[PDB]
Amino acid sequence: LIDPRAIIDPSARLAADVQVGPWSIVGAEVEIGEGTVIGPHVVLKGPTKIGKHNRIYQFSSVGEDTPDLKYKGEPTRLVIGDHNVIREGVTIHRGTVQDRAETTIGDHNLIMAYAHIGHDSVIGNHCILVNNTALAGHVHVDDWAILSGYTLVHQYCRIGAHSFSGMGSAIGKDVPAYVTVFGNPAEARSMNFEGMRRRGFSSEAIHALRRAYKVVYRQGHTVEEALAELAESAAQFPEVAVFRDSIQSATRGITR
């Protein structure tokens, strides 16, 4: 299962069932969980934890140091959950002590070829990062978010649950939950109604969220005005609280 042309550092820790292809490097302090398949020509560096039933494709560099000059070799980590697919040539950097010293990925994420997950980024669950998507650093991607091909995300930006970025988008401000954004610079267009139907949202939840978008984007309310107007919608629908919570946590302004 561990190909004999692979290099497994002695301090690495591999569960039963783990496969490692030829000419891959499982570096010092790299933990891998049961059912995970490392392809050929993968470089893993630690300290890193990889969970269960993950698949990591050739030419990926998972757990290197950020080249960002504000990192100076301090002990920082990367954690990856379960049932993720990391495709060809993905780069994933460990955290920096200036934040939480950890880069974090949840479960059931699909990270397509040549995607870049910068230091200190947090990815939730059931996210899709399409080819060459780049998180510059300290980027938070909530559950079910889809970033289309060559989406560039600026440092510290929050990408909301069920949000969608069009291909070649450049995101400089928080994207609220459910919002669809396009272009360079990114601008809000609508709500991810497909994402909501994928979730089996009641038709009352979807109408509540359709109206919630109007209150924030199409009624000339300021962010403060919107948040108060949404309070009752948010009380009634957990799905609208996700939206309101995402705008409330947007300390530096939302994508318009």
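One rule holds for the numbers: they count along the sequence shown, beginning at 1. Basically, rigid core = biggest C-alpha set you can superpose within 1.5 Å across the two forms.
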| item | value |
| --- | --- |
| More shifted region, core-based fit in 8 other deposited structures of this protein, 198 to 206 vs 31 to 39 by CA | 198 to 206 |
| Core-fitted comparison in 8 other deposited structures of this protein, 247 to 255 vs 2 to 10, farther C-alphas | 247 to 255 |
| Per the entry, higher mean C-alpha B factor between 218 to 226 and 24 to 32 | 218 to 226 |
| Higher-B stretch (mean Cα B-factor, as the entry records it), 144 to 152 or 68 to 76 | 68 to 76 |
| Highest recorded Cα temperature factor - choice among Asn54, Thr48, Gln58, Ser203 | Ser203 |
| Relative C-alpha B-factor of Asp107, binned into the chain's lowest, middle or highest third | middle |
| Modelled-residue ranking by C-alpha temperature factor, third containing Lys173 | middle |
| Chain thirds of CA B-factor: placement of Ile159 | middle |
| Ranked C-alpha temperature factor of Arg100 among modelled chain residues, by third | highest |
| Position of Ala212 among the chain's modelled residues by C-alpha B-factor, lowest, middle or highest third | highest |
